[PDB]
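This report refers to the structure that appears directly beneath it.
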Protein chains: 2
Amino acid sequence: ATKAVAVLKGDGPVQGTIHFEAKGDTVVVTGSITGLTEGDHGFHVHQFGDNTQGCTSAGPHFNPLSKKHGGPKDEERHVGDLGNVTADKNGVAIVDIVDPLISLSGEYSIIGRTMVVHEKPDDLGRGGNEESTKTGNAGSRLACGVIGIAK
Amino acid sequence: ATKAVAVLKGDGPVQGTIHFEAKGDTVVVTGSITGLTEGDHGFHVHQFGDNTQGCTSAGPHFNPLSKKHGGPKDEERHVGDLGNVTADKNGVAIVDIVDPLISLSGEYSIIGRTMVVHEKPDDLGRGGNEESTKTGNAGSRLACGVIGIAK
Ligand SMILES: [Cu+2]
Ligand SMILES: [Cu+2]
Ligand SMILES: [Zn+2]
Ligand SMILES: [Zn+2]
């Protein structure tokens, strides 16, 4: 696809709309999240677009290359690692990212997979424990939604 | 994919889970819908997996071949025409269909598109008006949900 959208909902107060657009070899992600705790939050594309068990059935981070977790700027990261989204003190996160590893077509396409906003900030694989290397210690998945094709 | 699932929800009482499985050149659709009015209901895959405006943004019936609307048995039908699903008097529709035109892979794949259950029965393009030929006079889309990959 050329454009996609994810509608995030959870069993909690967090919610939001994420838009994605193909611009060359990169993906531009925009949109907002409200209902969040002030500060930073991991934001990642989880591999399955399965909402049968809420956010739990979306599986792990999408990593077709079997790499360790990292930040959006690391060579060593999961295809779905988009770091953190920051909320202001009213709980609003303004997502603005341009990322060259995710894709709306081909092998690394994220269409049909899950976008998840996490309970805690992402450590970016730099925390010193096993759990940092697979999820960034981001804890709990607050809201998620299957990425689908859009206008 | 080999298996998919659609979770149907609306702003009304209707709800349900539809499962799909690839078996040869055909797709087997199973699952249930509750909260329905007794009788028949159109059931079709709408072309976009866009829930941004509820069920309204799913667009028209998926018809890659530009055909007129029909029944699941007609040569002349939309790829997404699966006819009717019948509720009993407690409002339960038991969906059981095996269909050879829809697909979980390739050109006619329905993964990422919308499954919609309608307010009225589908006339199957045999009603005698323009509207029968594009939607079966099924009226209002009661519930819908993006078709995603499953286990
Ligand atoms: Cu994550
Ligand atoms: Cu329809
Ligand atoms: Zn990761
Ligand atoms: Zn039709």
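What's counted below: heavy atoms across the whole structure, side chains too, no hydrogens, waters or symmetry copies. Order of listing sets the numbers, starting from 1, for every ligand and every atom in it. Here is the naming used below: chain letters follow the sequence lines, and residue numbers restart at 1 for every chain.
- Taking 2.8 Å as the threshold, B:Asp81 counts as a candidate ligand of the Zn ion (ligand 4), since one of its N, O or S atoms lies below it.
- Residues B:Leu36 and B:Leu142 meet the side-chain proximity criterion, which asks for heavy atoms closer than 4.5 Å.
- Looking at A:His61 and the Cu ion (ligand 1) together, the shortest N, O or S contact belongs to NE2.
- Rounded to the nearest 10 degrees, the angle NE2 (A:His118) to the Cu ion (ligand 1) to NE2 (A:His46) equals 100°.
- Taking the Zn ion (ligand 4) as reference, B:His69 places its N/O/S atom ND1 nearest.
- No donor-acceptor contact under 3.5 angstrom links the side chains of A:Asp122 and A:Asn84, judged on distance only.
- The Zn ion (ligand 4) has an N, O or S atom of B:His78 under 2.8 Å away, backbone or side chain.
- Looking only at N/O/S atoms, B:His44 comes nearest to the Cu ion (ligand 2) through ND1.
- Here A:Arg126 pairs with A:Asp74 in a salt bridge; the nearest charged N to carboxylate O distance falls below 4.0 Å.
- At least one side-chain heavy atom of A:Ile33 sits less than 4.5 Å from a side-chain heavy atom of A:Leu8.
- When distances from the Zn ion (ligand 4) to the N, O or S atoms of B:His61 are compared, ND1 comes out shortest.
- What you find for A:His69 and A:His78 is that their closest heavy atoms are N-NE2, 3.2 Å.
- Ring planes of A:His44 and A:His61: tilted class, angle from 30 to 60°.
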